[PDB]
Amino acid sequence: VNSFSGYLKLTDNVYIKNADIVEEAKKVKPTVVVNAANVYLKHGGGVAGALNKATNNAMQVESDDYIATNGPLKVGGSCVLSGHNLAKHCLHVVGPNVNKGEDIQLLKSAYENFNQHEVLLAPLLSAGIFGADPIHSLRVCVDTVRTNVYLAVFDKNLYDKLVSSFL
């Protein structure tokens, strides 16, 4: 039993809720919150900009030190950093950005990072300003992630479309 409340169960291991991932992170304090990162960990907008704002820019400061030491991530890759005031850890995962021409097949590789964590609060990878179809992203999530994932979908209309179209 965990403290995530009000989720609809999609499969054995995937749950979904119309929620602001920032507010959900502040209330649950999960072990892992997933960020929709880019390879430079420049948290300007979308989920990343919101999570970073909620940390008063501490996420960005930590991220800049990480990049200065290690260089950029790979598209499809990830790193574990602090969750600051939102979670124990933040798993920064880089899904492909369609608005940069990146290969959508890398979306499965991106979701594979979730399997290294038993439970996660996460957004749909490559959705929103990353330009992928969120229905496709949800399908890849369900078919790739085997650990327990709680998906927060900010947009109520997108949320009900995701639920109503889910196979």
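Note that residue numbering begins at 1 and tracks the sequence as displayed.
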- Message: Can you tell me whether 102-110 has a higher mean C-alpha B factor than 34-42 in this record, or the other way round?
- Response: 102-110
- Query: Quick one: higher average CA temperature factor, 153-161 or 140-148?
  - Reply: 153-161
- Query: Relative to the other modelled residues in the chain, which third contains the C-alpha temperature factor of residue 85: lowest, middle or highest?
  - Reply: highest
- Note on the structure: Chain-relative C-alpha B factor for residue 132 (record values, thirds): the middle
- residue 121: which third of its chain by C-alpha temperature factor? middle
- Chain-relative CA temperature factor third for residue 28: highest
